[PDB]
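This document opens with one chain alone, in structure tokens, the form deposited in one PDB entry.
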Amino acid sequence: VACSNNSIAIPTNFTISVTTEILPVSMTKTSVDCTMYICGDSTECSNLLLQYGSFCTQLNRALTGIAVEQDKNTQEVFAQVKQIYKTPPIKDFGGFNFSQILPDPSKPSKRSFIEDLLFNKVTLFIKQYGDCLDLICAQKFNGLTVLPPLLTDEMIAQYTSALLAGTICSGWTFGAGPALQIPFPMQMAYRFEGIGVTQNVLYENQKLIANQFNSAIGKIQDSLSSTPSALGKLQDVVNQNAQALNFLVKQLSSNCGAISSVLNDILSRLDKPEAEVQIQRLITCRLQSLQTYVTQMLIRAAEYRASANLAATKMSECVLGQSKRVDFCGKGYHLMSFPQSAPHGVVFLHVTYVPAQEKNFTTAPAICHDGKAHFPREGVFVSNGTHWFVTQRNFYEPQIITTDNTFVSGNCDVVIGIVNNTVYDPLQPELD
């Protein structure tokens, strides 16, 4: 790294970067009916399952609780707007093209282009249950059932659309109060100053910025199509849950010391006093297998709550406002964030400002005018050869050092690195 005693580097150009962050929000809601799972509707087992007390009750309630939380997680992340907003047929945003994030009415569920890519990338035992369709299926899947969400894909898509329409047409104001319309270019102006970059930069370079933005968005399609760009975070949710269910199914073929894995064969060709023992032994193992499954699900559920809580936080701080937290809403300086829906989760597109080309300048902590030390009101002092200028830290825009750009504090005998120069007084030429 460069290191200096008397010099400074300042960016002369910048780029706009759009990055993708993918967070899990929820998982497929499932339930296992302990009694039929273990006994298979056999009478002898059912009676021998009551002597064990309320284990099935606790396990059923543990799983029910998880299923309920999955809907809470979803609404906490997505349902942050009470109103449903729509964009006008007029797309006049100053050169900013949002056609890939806005809903397309010709598409299924009226998803946007990018959302359609996400849905067709994540690959979703569960399908077999969906195909047989609820008791009739439960009788075939050993008490393992799948429950529908309260919010369907369309409902979630509507929330996402409303959030986007709000963000684009009214900035962040709708997240605190009433939605206040404002031209997109002006929202950007106020987001630029919000990261220490004077608003004039946007207006003067608006065309370039719009072009960099539009290209940055197009590149998203290639990133998603080329590799599992954090898509594995959602694919793993599917895979981990699927194999957990496969475990339960496989265990129903185990003996665990029992004469067989089939209750009908235990009862057949065996006197009652022993069949009771073989059944109890099989019940014990199946119950333990079920406990193992539930314990794992309780822990995973906790992980998803934490993820959902983070996703909800991101919605509030990245999308409905402008974060000052470093690397919270992506690398670089945060400007905007645009959410997209996804299978079992939420995807955030983070728009950030990043410095590019830079130059070396000679610097100084203060300027000595006439026995008094002048400090910069905003920015730093730099020398471009034989002349000194004051400029904002994040963009090399040199300006003349004047009495309106500095303040006087203390004398020239106090500051160690103070440099002799002339501060321009803008009023004297008017008197003379």
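Numbering starts at 1 and follows the sequence shown. Here the rigid core means the biggest group of C-alpha atoms that line up within 1.5 Å when the two forms are laid on top of each other.
Not pictured, yet referred to below: the form deposited in another entry.
**Student:** Quick check for you: superpose on the rigid core, then look between this form and the one not shown for a C-alpha move of 2 Å or more. Which of 224, 162, 151, 287 is it?
**Tutor:** Meeting the 2 Å or more criterion is only 287.
**Student:** Relative to the superposed rigid core, does residue 360 relocate between this form and the one not shown - that is, does its Cα move 2 Å or more?
**Tutor:** Superposed on the core, residue 360 moves its C-alpha 2 Å or more between this form and the one not shown.
**Student:** Is residue 18 one of the residues whose Cα moves 2 Å or more between this form and the one not shown, with the core superposed?
**Tutor:** No; residue 18 is a residue whose C-alpha shifts by less than 2 Å between this form and the one not shown when the cores are overlaid.
**Student:** After core superposition, I'd like to know whether residue 53 moves between this form and the one not shown (criterion: C-alpha shift of 2 angstroms or more).
**Tutor:** Yes, residue 53 moves 2 Å or more.
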